[PDB]
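As stored in input-v8.cif (mmCIF, C-alpha atoms):
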```cif
data_input
loop_
_atom_site.group_PDB
_atom_site.id
_atom_site.type_symbol
_atom_site.label_atom_id
_atom_site.label_comp_id
_atom_site.auth_asym_id
_atom_site.auth_seq_id
_atom_site.Cartn_x
_atom_site.Cartn_y
_atom_site.Cartn_z
ATOM 1 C CA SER A 20 17.417 -12.291 -0.216
ATOM 2 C CA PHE A 21 15.135 -9.431 -1.217
ATOM 3 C CA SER A 22 16.241 -6.457 -3.310
ATOM 4 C CA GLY A 23 13.718 -3.656 -3.625
ATOM 5 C CA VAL A 24 11.469 -1.179 -1.876
ATOM 6 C CA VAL A 25 8.046 -1.762 -0.365
ATOM 7 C CA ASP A 26 5.609 0.765 -1.809
ATOM 8 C CA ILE A 27 5.674 3.957 0.249
ATOM 9 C CA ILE A 28 2.667 6.058 1.252
ATOM 10 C CA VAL A 29 2.933 9.774 2.086
ATOM 11 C CA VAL A 30 0.025 12.010 3.162
ATOM 12 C CA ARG A 31 -0.110 15.805 3.050
ATOM 13 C CA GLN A 32 -1.610 17.216 6.244
ATOM 14 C CA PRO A 33 -3.974 20.199 6.292
ATOM 15 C CA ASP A 34 -1.181 22.294 7.844
ATOM 16 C CA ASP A 35 0.829 21.346 4.696
ATOM 17 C CA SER A 36 3.253 19.077 6.572
ATOM 18 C CA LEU A 37 3.932 15.557 5.316
ATOM 19 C CA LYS A 38 3.673 12.230 7.142
ATOM 20 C CA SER A 39 4.629 8.862 5.709
ATOM 21 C CA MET A 40 4.477 5.177 6.436
ATOM 22 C CA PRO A 41 7.808 3.507 7.277
ATOM 23 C CA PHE A 42 10.317 3.085 4.459
ATOM 24 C CA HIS A 43 11.224 -0.589 3.966
ATOM 25 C CA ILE A 44 14.101 -0.865 1.484
ATOM 26 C CA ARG A 45 16.725 -3.581 1.084
ATOM 27 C CA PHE A 46 19.875 -3.926 -1.008
ATOM 28 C CA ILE A 57 27.833 2.966 2.752
ATOM 29 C CA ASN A 58 25.648 5.993 2.066
ATOM 30 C CA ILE A 59 22.290 5.881 0.294
ATOM 31 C CA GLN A 60 21.112 8.699 -1.975
ATOM 32 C CA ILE A 61 17.633 9.246 -3.383
ATOM 33 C CA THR A 62 16.179 10.363 -6.713
ATOM 34 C CA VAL A 63 12.444 11.049 -7.174
ATOM 35 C CA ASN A 64 10.907 11.184 -10.659
ATOM 36 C CA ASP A 65 14.457 11.075 -12.056
ATOM 37 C CA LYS A 66 15.683 14.117 -10.082
ATOM 38 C CA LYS A 67 18.422 13.726 -7.491
ATOM 39 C CA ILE A 68 17.279 14.918 -4.058
ATOM 40 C CA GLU A 69 19.877 17.094 -2.317
ATOM 41 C CA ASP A 70 20.645 17.055 1.416
ATOM 42 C CA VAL A 71 18.852 13.747 1.980
ATOM 43 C CA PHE A 72 20.575 10.471 2.780
ATOM 44 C CA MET A 73 19.942 7.107 4.412
ATOM 45 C CA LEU A 74 22.315 4.711 6.167
ATOM 46 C CA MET A 75 22.360 0.933 6.266
ATOM 47 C CA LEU A 76 22.427 -1.623 9.084
ATOM 48 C CA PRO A 77 24.558 -4.791 8.899
ATOM 49 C CA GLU A 78 21.472 -6.856 8.042
ATOM 50 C CA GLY A 79 20.816 -4.552 5.056
ATOM 51 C CA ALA A 80 17.837 -2.508 6.249
ATOM 52 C CA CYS A 81 18.195 1.235 5.622
ATOM 53 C CA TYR A 82 17.149 4.128 7.821
ATOM 54 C CA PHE A 83 17.110 7.906 8.183
ATOM 55 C CA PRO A 84 19.545 9.144 10.847
ATOM 56 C CA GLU A 85 17.822 11.582 13.201
ATOM 57 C CA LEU A 86 19.147 13.191 16.375
ATOM 58 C CA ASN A 87 17.198 12.905 19.603
ATOM 59 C CA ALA A 88 17.173 15.447 22.416
ATOM 60 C CA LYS A 89 20.179 13.737 24.031
ATOM 61 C CA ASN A 90 22.141 14.290 20.786
ATOM 62 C CA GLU A 91 22.249 10.569 19.991
ATOM 63 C CA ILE A 92 21.593 9.254 16.498
ATOM 64 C CA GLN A 93 18.219 7.551 16.245
ATOM 65 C CA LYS A 94 17.503 5.122 13.409
ATOM 66 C CA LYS A 95 14.171 6.134 11.888
ATOM 67 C CA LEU A 96 12.179 4.392 9.180
ATOM 68 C CA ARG A 97 9.795 7.367 8.998
ATOM 69 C CA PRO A 98 11.479 10.514 7.655
ATOM 70 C CA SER A 99 10.661 13.941 8.997
ATOM 71 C CA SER A 100 8.275 16.224 7.140
ATOM 72 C CA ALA A 101 11.132 18.541 6.140
ATOM 73 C CA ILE A 102 12.934 15.661 4.408
ATOM 74 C CA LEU A 103 9.755 14.527 2.659
ATOM 75 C CA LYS A 104 9.092 18.058 1.385
ATOM 76 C CA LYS A 105 12.456 17.911 -0.379
ATOM 77 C CA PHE A 106 11.183 15.008 -2.501
ATOM 78 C CA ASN A 107 8.911 17.405 -4.451
ATOM 79 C CA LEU A 108 6.353 14.642 -4.700
ATOM 80 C CA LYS A 109 3.395 14.865 -7.076
ATOM 81 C CA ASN A 110 -0.072 13.685 -6.099
ATOM 82 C CA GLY A 111 -0.412 9.998 -6.824
ATOM 83 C CA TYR A 112 2.337 7.734 -8.119
ATOM 84 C CA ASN A 113 5.968 8.843 -8.060
ATOM 85 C CA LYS A 114 9.091 6.994 -9.159
ATOM 86 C CA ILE A 115 11.740 6.636 -6.421
ATOM 87 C CA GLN A 116 15.240 5.181 -6.710
ATOM 88 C CA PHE A 117 17.706 4.473 -3.900
ATOM 89 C CA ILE A 118 21.425 4.411 -4.706
ATOM 90 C CA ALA A 119 23.801 2.721 -2.261
ATOM 91 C CA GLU A 120 27.448 3.686 -2.744
ATOM 92 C CA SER A 121 30.032 1.266 -1.336
ATOM 93 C CA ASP A 122 33.809 1.469 -1.716
ATOM 94 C CA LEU A 123 33.984 -2.332 -2.117
ATOM 95 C CA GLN A 124 30.918 -3.114 -4.240
ATOM 96 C CA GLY A 125 30.440 0.183 -6.047
ATOM 97 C CA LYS A 126 27.121 1.848 -6.768
ATOM 98 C CA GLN A 127 23.964 -0.257 -6.401
ATOM 99 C CA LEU A 128 20.504 0.949 -7.402
ATOM 100 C CA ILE A 129 17.006 -0.191 -6.478
ATOM 101 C CA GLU A 130 13.738 1.256 -7.766
ATOM 102 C CA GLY A 131 10.298 1.523 -6.199
ATOM 103 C CA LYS A 132 7.070 3.480 -5.882
ATOM 104 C CA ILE A 133 6.090 6.301 -3.542
ATOM 105 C CA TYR A 134 2.506 7.594 -3.446
ATOM 106 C CA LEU A 135 1.338 11.001 -2.220
ATOM 107 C CA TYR A 136 -2.243 11.375 -0.983
ATOM 108 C CA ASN A 137 -4.120 14.355 0.455
ATOM 109 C CA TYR A 138 -5.610 14.401 3.943
ATOM 110 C CA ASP A 139 -9.124 14.010 2.437
ATOM 111 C CA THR A 140 -8.246 11.126 0.084
ATOM 112 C CA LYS A 141 -10.420 8.018 0.554
ATOM 113 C CA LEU A 142 -8.845 4.560 0.385
ATOM 114 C CA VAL A 143 -10.352 1.182 -0.482
ATOM 115 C CA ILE A 144 -8.324 -1.744 0.906
ATOM 116 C CA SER A 145 -8.073 -5.098 -0.865
ATOM 117 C CA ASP A 146 -6.419 -8.221 0.434
ATOM 118 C CA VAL A 147 -4.617 -10.072 -2.317
ATOM 119 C CA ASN A 148 -4.568 -13.759 -1.602
ATOM 120 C CA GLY A 149 -8.054 -15.284 -1.514
ATOM 121 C CA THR A 150 -9.622 -11.913 -2.303
ATOM 122 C CA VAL A 151 -7.982 -11.221 -5.681
ATOM 123 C CA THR A 152 -6.680 -14.759 -6.165
ATOM 124 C CA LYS A 153 -9.276 -17.515 -5.772
ATOM 125 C CA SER A 154 -7.412 -19.331 -2.973
ATOM 126 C CA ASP A 155 -5.515 -18.254 0.131
ATOM 127 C CA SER A 161 6.748 -21.170 -2.728
ATOM 128 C CA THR A 162 6.742 -22.669 -6.242
ATOM 129 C CA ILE A 163 4.822 -20.231 -8.464
ATOM 130 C CA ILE A 164 4.555 -19.087 -12.082
ATOM 131 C CA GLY A 165 2.130 -16.191 -11.677
ATOM 132 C CA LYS A 166 -0.784 -18.190 -13.093
ATOM 133 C CA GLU A 167 -2.821 -18.051 -9.899
ATOM 134 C CA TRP A 168 -6.502 -17.942 -10.806
ATOM 135 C CA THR A 169 -8.304 -14.650 -10.177
ATOM 136 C CA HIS A 170 -11.918 -14.220 -9.067
ATOM 137 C CA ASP A 171 -14.024 -13.144 -12.042
ATOM 138 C CA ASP A 172 -14.951 -9.475 -12.564
ATOM 139 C CA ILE A 173 -12.698 -8.028 -9.866
ATOM 140 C CA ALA A 174 -10.681 -5.904 -12.322
ATOM 141 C CA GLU A 175 -13.777 -4.217 -13.712
ATOM 142 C CA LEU A 176 -15.141 -3.503 -10.232
ATOM 143 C CA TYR A 177 -11.897 -2.055 -8.875
ATOM 144 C CA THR A 178 -11.414 0.000 -12.044
ATOM 145 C CA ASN A 179 -14.834 1.558 -11.492
ATOM 146 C CA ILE A 180 -14.155 2.219 -7.801
ATOM 147 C CA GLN A 181 -10.981 4.097 -8.814
ATOM 148 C CA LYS A 182 -12.855 5.983 -11.525
ATOM 149 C CA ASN A 183 -15.180 7.366 -8.831
ATOM 150 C CA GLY A 184 -12.261 8.931 -6.981
ATOM 151 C CA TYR A 185 -11.282 6.258 -4.459
ATOM 152 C CA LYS A 186 -7.743 4.852 -4.293
ATOM 153 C CA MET A 187 -7.214 1.090 -4.229
ATOM 154 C CA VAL A 188 -4.586 -0.052 -1.705
ATOM 155 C CA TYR A 189 -3.582 -3.711 -1.795
ATOM 156 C CA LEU A 190 -2.521 -5.768 1.212
ATOM 157 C CA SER A 191 -0.204 -8.757 1.152
ATOM 158 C CA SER A 192 0.658 -11.103 4.011
ATOM 159 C CA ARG A 193 3.066 -13.200 1.949
ATOM 160 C CA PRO A 194 6.802 -13.240 2.783
ATOM 161 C CA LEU A 195 8.911 -10.369 1.505
ATOM 162 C CA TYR A 196 10.523 -12.789 -0.974
ATOM 163 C CA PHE A 197 7.241 -12.761 -2.895
ATOM 164 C CA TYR A 198 6.668 -9.004 -2.872
ATOM 165 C CA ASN A 199 7.947 -8.295 -6.399
ATOM 166 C CA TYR A 200 6.087 -11.331 -7.682
ATOM 167 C CA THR A 201 2.849 -10.012 -6.198
ATOM 168 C CA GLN A 202 3.338 -6.662 -7.920
ATOM 169 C CA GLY A 203 3.915 -8.399 -11.263
ATOM 170 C CA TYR A 204 0.892 -10.649 -10.739
ATOM 171 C CA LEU A 205 -1.470 -7.733 -10.094
ATOM 172 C CA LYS A 206 -0.250 -5.622 -12.991
ATOM 173 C CA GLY A 207 -0.550 -8.575 -15.398
ATOM 174 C CA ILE A 208 -4.218 -9.321 -14.675
ATOM 175 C CA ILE A 209 -6.487 -8.641 -17.633
ATOM 176 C CA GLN A 210 -10.203 -9.531 -17.456
ATOM 177 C CA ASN A 211 -12.418 -8.660 -20.453
ATOM 178 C CA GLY A 212 -10.024 -5.823 -21.228
ATOM 179 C CA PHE A 213 -10.084 -4.506 -17.653
ATOM 180 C CA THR A 214 -6.951 -4.302 -15.525
ATOM 181 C CA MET A 215 -6.232 -3.830 -11.835
ATOM 182 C CA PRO A 216 -5.911 -0.129 -10.951
ATOM 183 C CA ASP A 217 -2.418 0.911 -9.975
ATOM 184 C CA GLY A 218 -1.900 1.347 -6.253
ATOM 185 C CA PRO A 219 0.434 0.612 -3.370
ATOM 186 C CA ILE A 220 0.836 -2.883 -2.044
ATOM 187 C CA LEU A 221 1.327 -2.782 1.712
ATOM 188 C CA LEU A 222 3.175 -5.597 3.459
ATOM 189 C CA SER A 223 2.316 -6.935 6.897
ATOM 190 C CA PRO A 224 5.130 -5.879 9.262
ATOM 191 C CA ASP A 225 5.618 -9.462 10.500
ATOM 192 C CA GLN A 226 7.133 -10.226 7.073
ATOM 193 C CA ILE A 227 9.673 -7.372 7.351
ATOM 194 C CA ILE A 228 11.752 -8.550 10.309
ATOM 195 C CA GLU A 242 -3.036 -8.794 14.831
ATOM 196 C CA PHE A 243 -0.392 -7.781 12.309
ATOM 197 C CA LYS A 244 -2.929 -6.824 9.626
ATOM 198 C CA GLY A 245 -4.815 -4.711 12.162
ATOM 199 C CA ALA A 246 -1.626 -2.985 13.265
ATOM 200 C CA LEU A 247 -0.728 -2.192 9.651
ATOM 201 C CA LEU A 248 -4.091 -0.637 8.826
ATOM 202 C CA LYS A 249 -4.129 1.377 12.049
ATOM 203 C CA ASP A 250 -0.666 2.644 11.075
ATOM 204 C CA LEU A 251 -2.036 3.615 7.667
ATOM 205 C CA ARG A 252 -5.067 5.253 9.257
ATOM 206 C CA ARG A 253 -2.792 7.269 11.524
ATOM 207 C CA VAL A 254 -0.809 8.992 8.769
ATOM 208 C CA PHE A 255 -4.157 10.814 8.150
ATOM 209 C CA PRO A 256 -5.532 13.355 10.644
ATOM 210 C CA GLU A 257 -7.796 12.133 13.388
ATOM 211 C CA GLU A 258 -10.827 14.145 12.281
ATOM 212 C CA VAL A 259 -11.248 12.338 8.924
ATOM 213 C CA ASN A 260 -11.844 8.632 8.317
ATOM 214 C CA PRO A 261 -9.591 7.795 5.357
ATOM 215 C CA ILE A 262 -10.295 4.081 4.864
ATOM 216 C CA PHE A 263 -13.711 3.953 3.186
ATOM 217 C CA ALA A 264 -14.112 0.230 2.489
ATOM 218 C CA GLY A 265 -12.293 -3.068 2.528
ATOM 219 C CA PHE A 266 -12.302 -6.354 0.593
ATOM 220 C CA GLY A 267 -11.215 -9.541 2.332
ATOM 221 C CA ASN A 268 -11.836 -13.279 2.473
ATOM 222 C CA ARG A 269 -11.566 -14.161 6.191
ATOM 223 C CA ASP A 270 -13.391 -13.013 9.313
ATOM 224 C CA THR A 271 -10.068 -11.713 10.645
ATOM 225 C CA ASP A 272 -9.950 -9.339 7.671
ATOM 226 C CA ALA A 273 -13.244 -7.818 8.829
ATOM 227 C CA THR A 274 -11.959 -7.255 12.363
ATOM 228 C CA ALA A 275 -8.797 -5.560 11.060
ATOM 229 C CA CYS A 276 -10.857 -3.140 8.996
ATOM 230 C CA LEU A 277 -13.325 -2.319 11.778
ATOM 231 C CA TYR A 278 -10.624 -1.326 14.228
ATOM 232 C CA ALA A 279 -9.008 0.862 11.543
ATOM 233 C CA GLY A 280 -12.172 2.912 10.984
ATOM 234 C CA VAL A 281 -14.127 1.088 8.249
ATOM 235 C CA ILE A 282 -17.878 0.887 8.857
ATOM 236 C CA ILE A 283 -19.289 -2.631 8.841
ATOM 237 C CA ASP A 284 -21.553 -1.695 5.912
ATOM 238 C CA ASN A 285 -18.444 -1.276 3.722
ATOM 239 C CA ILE A 286 -16.649 -4.558 4.497
ATOM 240 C CA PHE A 287 -16.888 -7.211 1.753
ATOM 241 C CA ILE A 288 -15.856 -10.812 2.461
ATOM 242 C CA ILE A 289 -15.525 -13.286 -0.413
ATOM 243 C CA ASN A 290 -15.340 -17.076 -0.221
ATOM 244 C CA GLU A 291 -13.679 -19.622 -2.481
ATOM 245 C CA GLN A 292 -16.932 -19.914 -4.479
ATOM 246 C CA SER A 293 -16.630 -16.169 -5.252
ATOM 247 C CA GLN A 294 -19.711 -15.405 -3.142
ATOM 248 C CA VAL A 295 -19.240 -11.959 -1.551
ATOM 249 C CA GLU A 296 -20.932 -11.243 1.771
ATOM 250 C CA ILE A 297 -21.599 -7.547 2.417
ATOM 251 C CA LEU A 298 -21.250 -7.733 6.186
ATOM 252 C CA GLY A 299 -23.351 -4.720 7.148
ATOM 253 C CA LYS A 300 -26.422 -5.679 5.122
ATOM 254 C CA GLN A 301 -25.799 -9.421 5.668
ATOM 255 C CA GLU A 302 -26.366 -9.632 1.930
ATOM 256 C CA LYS A 303 -24.949 -12.058 -0.489
ATOM 257 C CA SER A 304 -23.473 -10.785 -3.669
ATOM 258 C CA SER A 305 -20.544 -10.994 -6.125
ATOM 259 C CA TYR A 306 -18.022 -8.656 -7.714
ATOM 260 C CA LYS A 307 -20.284 -8.531 -10.773
ATOM 261 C CA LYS A 308 -23.376 -7.495 -8.803
ATOM 262 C CA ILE A 309 -21.424 -5.080 -6.589
ATOM 263 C CA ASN A 310 -20.261 -3.486 -9.842
ATOM 264 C CA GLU A 311 -23.895 -3.100 -10.921
ATOM 265 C CA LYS A 312 -24.547 -1.115 -7.724
ATOM 266 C CA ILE A 313 -21.278 0.868 -7.899
ATOM 267 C CA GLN A 314 -22.870 4.323 -7.636
ATOM 268 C CA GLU A 315 -24.847 3.131 -4.601
ATOM 269 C CA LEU A 316 -21.974 1.492 -2.712
ATOM 270 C CA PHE A 317 -19.015 3.600 -3.909
ATOM 271 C CA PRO A 318 -20.601 6.976 -4.696
ATOM 272 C CA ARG A 319 -18.566 9.367 -6.840
ATOM 273 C CA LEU A 320 -16.399 11.732 -4.845
ATOM 274 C CA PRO A 321 -16.285 15.422 -5.856
#
```
Now, as a test, write the supplied structure out as structure tokens.
Amino acid sequence: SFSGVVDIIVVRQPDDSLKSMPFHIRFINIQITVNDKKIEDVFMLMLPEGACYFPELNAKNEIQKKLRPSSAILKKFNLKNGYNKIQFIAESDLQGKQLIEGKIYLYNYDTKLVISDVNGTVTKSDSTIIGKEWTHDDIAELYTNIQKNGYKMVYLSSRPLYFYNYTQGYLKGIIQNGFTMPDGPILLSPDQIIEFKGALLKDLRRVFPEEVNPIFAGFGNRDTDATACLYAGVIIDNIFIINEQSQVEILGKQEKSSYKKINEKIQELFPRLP
């Protein structure tokens, strides 16, 4: 079974509160350290099946099992903008101290995200693996240049949770002509953590305030990817769908292209943010 933490996304609101996506962690009290500092007065508990949660009282004074911590708890993390190291430490009287490590990202309310499917969109095709999946040409250079203009790449996986750590290793090992894949969270479809892609992106959209549109563009390889992005606030002009021949359709302009050509027009399609 899985041991680790799905990448966590936290967003600072314009009133300075914090909202986050659900914490999915798997290995009794659980303590937290962020950027190698122990966080005081924060703890999680664990269900029999191994999933962990934040205990929170409801108005009837019953303990509710929350995956989304309150803003006050999140403020105690002292998160920095961007990537942060997070470790969860489960203490058991029978099995001792157990530690898992993951990634927690802090964005601002005006941060702009660019979504990328992994399988079929990064890999060329959509249980026995060695990490040698072929990668579409030129995708690392393009995504690098998107990130350099101020956007944040967010990766999406629909593979089972057993493959999550493998997917992270696969993306961080890609090297194309010296270019690498920009670091960013890998979100996991909630069906794999026991219409799902569209529910996930709407969840992500909703940790940002309603008066901004945080998801700027999306890269996919199926028509269902396009629908998921549209209903999460991406304009059709900014949805890119690639096929197994590495031909990219820019849906809005009904244009055919490629990662290489999109990269040529990077300042047109992904203009630099201030």
Can you measure CA of residue 261 in chain A to CA of residue 187 in chain A for me? One decimal in Å is fine. 11.9 Å
Around (-1.8, 13.7, 1.3), as given in the file, which residues come within 10 Å? Count only C-alpha atoms and list them as number ranges by chain. A: 28-33, 35-39, 109-111, 134-140, 254-255
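Of the listed residues (A:244, A:104, A:170, A:319), A:170 comes nearest to residue 289 in chain A; the distances count all atoms listed in the file.
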What does the structure give for the distance between CA of residue 63 in chain A and CA of residue 125 in chain A, in Å to one decimal? 21.1 Å
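Residue nearest residue 123 in chain A, chosen from A:57, A:251, A:271, A:27 and counting all atoms listed in the file: A:57.
Here CA of residue 59 in chain A stands at a distance of 14.8 Å from CA of residue 85 in chain A.
With all atoms listed in the file as the atoms that count, the minimum distance from residue 69 in chain A to the choices A:105, A:300, A:307, A:269 is reached by A:105.
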Tell me which residues come within 12 Å of (8.5, -10.4, 5.3), as a PyMOL selection string, counting only C-alpha atoms in the file's coordinates. chain A and resi 20-21+25+43-45+191-199+221-228+243
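Near residue 293 in chain A, within a cut-off of 8 Å and counting only C-alpha atoms, sit the residues residues 153, 170, 171 and 305 of chain A, with same-chain residues fewer than 6 positions away left out.
Checking A:262, A:102, A:89, A:149 one by one against residue 168 in chain A, counting all atoms listed in the file, you find the shortest gap at A:149.
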Could you pull the residues within 12 Å of residue 71 in chain A, counting only C-alpha atoms, minus those fewer than 5 positions along the same chain, as a PyMOL selection string? chain A and resi 58-63+82-85+98-99+101-106+117-118
Could you list, as JSON, numbers by chain, every residue within 8 Å of residue 248 in chain A, counting all atoms listed in the file and ignoring same-chain residues fewer than 3 positions away? {"A": [244, 245, 251, 252, 275, 276, 279]}
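The set of residues that the PyMOL selection byres ((chain A and resi 151) around 10) takes from this file is residues 145, 146, 147, 148, 149, 150, 152, 153, 154, 155, 167, 168, 169, 170, 171, 172, 173, 174, 189, 205, 208, 215, 266, 267, 268, 289 and 293 of chain A.
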Would you mind exporting the chosen residues as a tab-separated table (two decimals), keeping the file's coordinate frame, restricted to C-alpha atoms?
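The new file selection-v5.tsv reads:
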```tsv
chain	number	residue	atom	x	y	z
A	145	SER	CA	-8.07	-5.10	-0.86
A	146	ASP	CA	-6.42	-8.22	0.43
A	147	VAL	CA	-4.62	-10.07	-2.32
A	148	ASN	CA	-4.57	-13.76	-1.60
A	149	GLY	CA	-8.05	-15.28	-1.51
A	150	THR	CA	-9.62	-11.91	-2.30
A	152	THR	CA	-6.68	-14.76	-6.16
A	153	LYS	CA	-9.28	-17.52	-5.77
A	154	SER	CA	-7.41	-19.33	-2.97
A	155	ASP	CA	-5.52	-18.25	0.13
A	167	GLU	CA	-2.82	-18.05	-9.90
A	168	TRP	CA	-6.50	-17.94	-10.81
A	169	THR	CA	-8.30	-14.65	-10.18
A	170	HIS	CA	-11.92	-14.22	-9.07
A	171	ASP	CA	-14.02	-13.14	-12.04
A	172	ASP	CA	-14.95	-9.48	-12.56
A	173	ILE	CA	-12.70	-8.03	-9.87
A	174	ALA	CA	-10.68	-5.90	-12.32
A	189	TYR	CA	-3.58	-3.71	-1.80
A	205	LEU	CA	-1.47	-7.73	-10.09
A	208	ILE	CA	-4.22	-9.32	-14.68
A	215	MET	CA	-6.23	-3.83	-11.84
A	266	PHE	CA	-12.30	-6.35	0.59
A	267	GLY	CA	-11.22	-9.54	2.33
A	268	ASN	CA	-11.84	-13.28	2.47
A	289	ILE	CA	-15.52	-13.29	-0.41
A	293	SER	CA	-16.63	-16.17	-5.25
```
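When all atoms listed in the file are used to measure the gap to residue 249 in chain A, the shortest distance among A:278, A:263, A:185, A:46 belongs to A:278.
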Kindly provide, as JSON, the centre and edge lengths (Å, one decimal) of an axis-aligned box around all atoms of range 107-114 of chain A given in the file, with 8 Å on each side.
```
{"center_x": 4.3, "center_y": 12.2, "center_z": -6.8, "size_x": 25.5, "size_y": 26.4, "size_z": 20.7}
```
Please evaluate the PyMOL selection byres ((chain A and resi 114) around 8) against the displayed coordinates and give the resulting residues as an MDAnalysis selection string. chainID A and resid 63:65 112:113 115:116 130:133
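Nearest residue to residue 264 in chain A among A:292, A:311, A:298, A:220 is A:298, counting only C-alpha atoms.
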With the PyMOL selection byres ((chain A and resi 309) around 12) as the selection, what would be picked from this file? Answer as a ChimeraX atom specification, please. /A:172-173,175-177,179-180,266,285,287,289,294-297,302-308,310-317
Would you list the contacts of residue 206 in chain A as number ranges by chain, taking every protein, DNA or RNA residue within 12 Å and counting only C-alpha atoms, but skipping same-chain residues closer than 2 positions in sequence? A: 165, 174, 189, 199-204, 208-210, 213-220
